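One chain follows as structure tokens, the form deposited in one PDB entry.
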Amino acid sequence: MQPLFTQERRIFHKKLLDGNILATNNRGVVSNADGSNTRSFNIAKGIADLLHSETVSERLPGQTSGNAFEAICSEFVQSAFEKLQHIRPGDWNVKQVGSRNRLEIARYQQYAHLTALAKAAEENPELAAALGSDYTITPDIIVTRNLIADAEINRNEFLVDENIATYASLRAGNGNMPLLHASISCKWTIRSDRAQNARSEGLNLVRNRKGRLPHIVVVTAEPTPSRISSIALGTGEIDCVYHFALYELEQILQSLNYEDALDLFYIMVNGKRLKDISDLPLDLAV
């Protein structure tokens, strides 16, 4: 009897395999590997073997794997988090955003004022130069919480009426919007330069919030500890990073005796900067 989160984790991997997102080409290179690097090549191959990947196909265009990885991550989060309603109740929505959504975050309570800022800037110069446009934050995946009725708040006891706790964020109707619960950034693979946009997006969420900061996490299928470390090490922007196949990564590093990579892997794991994709749903329930 495999527990349900183990079953969900396997379903997550299976979607990556069935869609040929994770596969091997005819030159033996696994699709999340950097073929110019011996350790990346071998680590990725070991992980794919542990995942029972058998398909041989050409590496998909990066735009395709990028988008598909976001979608599959979203489905896994939605399905697993749904089972935690008893430890973190709520009317939750999980969705892949899509760069098409400029100001999508302004539809949520903690960032609704960005609409007013944007509207004011579209009429004022150094307002625009000073405020910027990055505040136009667009997470890859977001988890949101819908507001609740007074009868839900009062389900067991008469706690509130219309003249008390009148600005509480959870109360529906104050002309109020849903709450942003989490920003989940996805990276199929990593290069240390381009991975830093997870930090700038995290800082924008920190700097502009009105209310509690959403969870800010990164999920990645990057095989190398060194590249993972470019976003996982350090604190202040990113809450934690989650690897798509942590157990398998650990097993391959141990098997091949890649001592330095192993040392770095444990610095991140023991240092609470890196976890497995299966840890994410429960971490979203704190």
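What we label the rigid core is the largest C-alpha set whose atoms superpose within 1.5 Å from one form to the other. Note that residue numbering begins at 1 and tracks the sequence as displayed.
One more form of this protein should be noted, the form deposited in another entry, which is absent from this view; the next part is about it.
Compared between the shown form and the other one on the core, the listed residues 91, 134, 162, 82 keep their C-alpha shifts below 2 Å, save 134. In the core-superposed comparison between the shown form and the other one, the C-alpha atom of residue 175 has shifted by less than 2 angstroms.
Once both forms are fitted on their core, the CA shift for residue 207 between the shown form and the other one remains under 2 Å. The two forms, fitted on the rigid core, differ between the shown form and the other one by less than 2 Å at the CA of residue 144.
Pairwise change in that other deposited form: residue 99 and residue 34 C-alpha atoms lie closer than in the shown form, at least 3 Å.
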